[PDB]
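Everything on this sheet refers to the single structure shown next.
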Amino acid sequence: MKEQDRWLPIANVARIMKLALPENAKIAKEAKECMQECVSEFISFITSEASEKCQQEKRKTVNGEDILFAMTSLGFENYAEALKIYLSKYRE
Amino acid sequence: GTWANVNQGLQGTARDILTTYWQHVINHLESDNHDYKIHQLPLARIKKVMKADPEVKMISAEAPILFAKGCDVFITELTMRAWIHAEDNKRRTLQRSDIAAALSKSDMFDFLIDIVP
Amino acid sequence: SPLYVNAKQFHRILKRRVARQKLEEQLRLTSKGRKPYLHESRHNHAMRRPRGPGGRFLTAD
DNA sequence: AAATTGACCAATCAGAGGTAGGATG
DNA sequence: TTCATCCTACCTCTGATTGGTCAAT
């Protein structure tokens, strides 16, 4: 594994940040790097919870339902509810 | 309630702003003609973050797609929450300390205790 | 540092602490800081590229 | 006065997306 | 058996990475 692969690419992260702020706003390099680390931990944190439930149920594939379940388990109930219809429409 | 995280720890006008953003997101997520290829974050990199964990074996295309959307929302709301502190300090530049301050307002962000001391 | 954190998150936080420590060792990461740049070839490109008097890469017509 | 640092520019190359062939459920 | 969709390897084609100067602080 390459070390940069533990994180989402910083340019993409910073671009989403820029859209969330006023046009005159600036973002410190440290803030971009921090955000990059936070959103990457969000993926890994939720994934680990989903992975362990998958292993217990002797399933090899982490699916969308597993992500949603992990989200509510870990106290991201709003993320899970919002992404529920998104998953169902993807599946149809 | 299921939406408590949206306003958790926010005061006054900020509550309305984050609520309205979430409403916008939810409305979009209900849209009938999604393009599941186009995202601000690359699906392959999301998958690679997931695969960094050796406990993860196989991954449905569903999972990075949900994360693509979820992570967009996560970055956006955390950035909006953090900007409050930059404005409070009469600054135009978002600093790391603004993100740390934002995280301190909701226990939803407790998972980042080690990431952002 | 508090004894009790978000009850829904605590056990997974501990598990992630172990995984992050192991991954840092796997990746041979020792210093508490990032490199100045990721890629020698991309650094070289950026160093070689023509710039205007204000240090910007030349505008494309 | 001196130090710090973030936006700006876009071309090259590490890598994202696509998928054939094989495997699995 | 047929269907759905994963894995890896290989191929296109590309968009994230990148730093000298100026200006704000």
Side-chain angles (χ1 to χ4, degrees), chain A residues 1-36 39-40 43 47 50-51 54-55 57-67 87 90-92, chain B residues 35-68 71 75 79 82-83 86-87 89-99, chain C residues 33-61:
Chain A
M1 184 184 161
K2 303 168 199 290
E3 74 181 73
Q4 64 268 28
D5 286 359
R6 71 199 198 276
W7 297 326
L8 303 184
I10 197 167
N12 307 61
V13 174
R15 179 210 293 127
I16 296 163
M17 291 177 79
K18 179 177 163 68
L19 296 169
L21 261 20
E23 207 208 46
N24 66 103
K26 296 184 185 186
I27 304 168
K29 185 177 188 171
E30 283 189 336
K32 294 172 190 175
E33 284 168 343
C34 179
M35 185 60 68
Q36 172 188 42
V39 68
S40 303
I43 297 167
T47 297
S51 180
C54 286
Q55 189 164 253
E57 296 174 7
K58 297 168 185 178
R59 290 184 293 109
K60 289 167 188 174
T61 311
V62 181
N63 62 43
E65 271 186 42
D66 301 322
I67 299 304
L87 177 65
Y90 177 79
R91 286 224 270 249
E92 74 192 14
Chain B
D35 187 325
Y36 302 107
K37 298 176 201 282
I38 306 170
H39 310 98
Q40 293 276 11
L41 303 163
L43 297 172
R45 283 294 276 274
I46 295 160
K47 194 174 179 175
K48 279 166 158 193
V49 172
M50 296 183 75
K51 282 297 289 175
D53 182 345
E55 198 171 280
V56 177
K57 290 155 188 168
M58 299 187 167
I59 305 167
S60 166
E62 284 167 15
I65 287 162
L66 295 188
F67 275 129
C71 291
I75 296 164
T79 302
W83 183 244
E87 282 183 317
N89 287 85
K90 293 180 178 183
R91 279 184 283 101
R92 293 166 79 262
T93 307
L94 189 74
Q95 302 290 341
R96 185 167 67 194
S97 64
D98 296 320
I99 297 166
Chain C
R34 305 162 172 246
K35 301 173 183 180
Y37 57 81
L38 288 178
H39 307 294
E40 193 63 21
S41 70
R42 298 200 183 285
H43 169 73
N44 291 343
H45 172 53
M47 293 298 293
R48 205 175 296 166
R49 282 184 76 162
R51 298 170 188 254
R56 298 178 181 185
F57 306 127
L58 292 174
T59 312
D61 185 36

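Hydrogens, waters and symmetry mates are skipped; everything else that's a heavy atom, side chains included, is used. Protein chains get the first letters and strands the later ones, always in sequence-line order, with residue 1 at the start of each.
Atom NZ in B/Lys48 sits roughly 12 Å away from atom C1' in E/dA16 (whole-Å rounding). In this structure, the CG atom of A/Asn63 is 15 Å from the P atom of D/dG25, given to the nearest Å. Rounded to whole angstrom, the span from the CG atom of B/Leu94 across to the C1' atom of D/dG6 amounts to 12 Å. One atom, CG of A/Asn24, and another, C1' of E/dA24, lie 13 Å apart when rounded to the nearest Å. The nearest whole Å value for the distance from the CG atom in A/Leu21 to the P atom in D/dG6 is 14 Å. In this structure, the CG atom of A/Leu8 is 17 Å from the P atom of E/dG15, given to the nearest Å. Remark: P of E/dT17 and CG of A/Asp5 are 11 Å apart, rounded to the nearest angstrom. In this structure, B/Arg91 atom CZ and E/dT25 atom P are separated by 13 Å, rounded to whole Å.
Using a 4.0 Å heavy-atom distance criterion, A/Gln4 is classed as a sugar-phosphate-only contact. The residue B/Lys90 sits apart from the nucleic acid: no heavy atom pair falls under 4.0 Å. If you check every strand for non-hydrogen atoms under 4.0 Å, A/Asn12 touches sugar and phosphate atoms only. Counting non-hydrogen atoms under 4.0 angstrom, B/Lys51 reaches nothing in the nucleic acid.
Scanning for salt bridge (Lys or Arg N to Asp or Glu O under 4.0 Å) contacts around B/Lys48 gives A/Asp5, with sequence neighbours left out.
Judged by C1'-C2'-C3'-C4', the furanose ring of D/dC9 adopts a north pucker. In this entry E/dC13 carries a south-puckered sugar, per its negative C1'-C2'-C3'-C4' angle. The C1'-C2'-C3'-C4' torsion of E/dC11 is negative, which assigns its sugar to the south, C2'-endo side.
In this structure, A/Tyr90 contributes its side chain and B/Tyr36 its backbone to no donor-acceptor pair below 3.5 Å. Side chain of A/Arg6 to main chain of A/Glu3: a donor-acceptor pair is present (N/O by atom type, distance under 3.5 Å, no hydrogens or angles). With hydrogens and angles ignored, the 3.5 Å screen pairs a side-chain donor or acceptor of B/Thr79 with a backbone N or O of B/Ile75.
At E/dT21, none of the side-chain N or O atoms of C/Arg51 fall inside 4.0 Å of OP1 or OP2 (strictly under the cut-off). Contact annotation: C/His43 side-chain N/O to E/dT17 OP1/OP2 distance is not under 4.0 Å. For E/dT8, the OP1/OP2 oxygens have no side-chain nitrogen or oxygen of B/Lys47 closer than 4.0 Å. Between B/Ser60 and E/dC6 there is a side-chain N or O to OP1 or OP2 distance below 4.0 Å.
Position along DNA chain E of the nearest nucleotide to B/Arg92 versus C/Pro36 favours C/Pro36 as the more 5'-ward residue. Each of C/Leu38 and A/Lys26 was matched to the nucleotide of DNA chain D holding its nearest heavy atom; the match closer to the 5' end belongs to A/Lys26. For A/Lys60 and B/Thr93, each mapped to the nucleotide of DNA chain D holding its nearest heavy atom, the one lying further toward the 5' end belongs to B/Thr93.
Between E/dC6, E/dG19, D/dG15, one nucleotide has an atom nearer to the side chain of A/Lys2 than all others, and that is D/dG15. Of the candidates E/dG20, D/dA16, E/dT17, E/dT17 carries the atom nearest the A/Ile10 side chain, counting heavy atoms from C-beta on. Nearest to the side chain of B/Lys37, among E/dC7, D/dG18, E/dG19, sits D/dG18. If you check D/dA16, E/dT17, D/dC9 against the side chain of C/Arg56, the one that comes closest is D/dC9. In this structure, the nucleotide among D/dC9, E/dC6, E/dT18 sitting nearest to the side chain of B/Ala61 is E/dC6.
With ring centres under 5.5 Å apart and planes tilted under 30°, the neighbouring bases D/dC13 and D/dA14 are scored as stacked.
The two residues B/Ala68 and B/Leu41 come nearest to each other via the heavy atoms O-CD1, 4.1 Å.
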I'd like a list of close polar pairs between nucleotides 10-13 of chain D and the protein, N/O only, cut-off under 3.5 Å.
{"from": "D/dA10", "atom 1": "OP1", "to": "C/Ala60", "atom 2": "N", "distance (Å)": "3.0"}
{"from": "D/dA10", "atom 1": "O4'", "to": "C/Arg49", "atom 2": "NH2", "distance (Å)": "2.9"}
{"from": "D/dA10", "atom 1": "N3", "to": "C/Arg49", "atom 2": "NH1", "distance (Å)": "2.9"}
{"from": "D/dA11", "atom 1": "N3", "to": "C/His45", "atom 2": "NE2", "distance (Å)": "3.0"}
{"from": "D/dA11", "atom 1": "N3", "to": "C/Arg49", "atom 2": "NH1", "distance (Å)": "3.4"}
{"from": "D/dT12", "atom 1": "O4'", "to": "C/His45", "atom 2": "NE2", "distance (Å)": "3.4"}
{"from": "D/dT12", "atom 1": "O2", "to": "C/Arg42", "atom 2": "NH1", "distance (Å)": "3.2"}
{"from": "D/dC13", "atom 1": "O4'", "to": "C/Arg42", "atom 2": "NH1", "distance (Å)": "3.1"}
{"from": "D/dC13", "atom 1": "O2", "to": "C/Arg42", "atom 2": "NH1", "distance (Å)": "3.0"}
{"from": "D/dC13", "atom 1": "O2", "to": "C/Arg42", "atom 2": "NH2", "distance (Å)": "2.8"}

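Using a cutoff of 4.0 Å between basic side-chain nitrogens and carboxylate oxygens, A/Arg91 and A/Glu65 are scored as salt-bridged. Look at B/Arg96 and A/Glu33 and you find no salt bridge, because none of the NZ, NE, NH1 or NH2 atoms lies under 4.0 Å from a carboxylate O.
More than 12 heavy atoms of other residues, nucleotides or ligands shown are found within 6.0 angstrom of NZ on B/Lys51. With a 6.0 Å radius and a threshold of 12 heavy atoms from other residues, nucleotides or ligands, A/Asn24 has its CG atom above the threshold.
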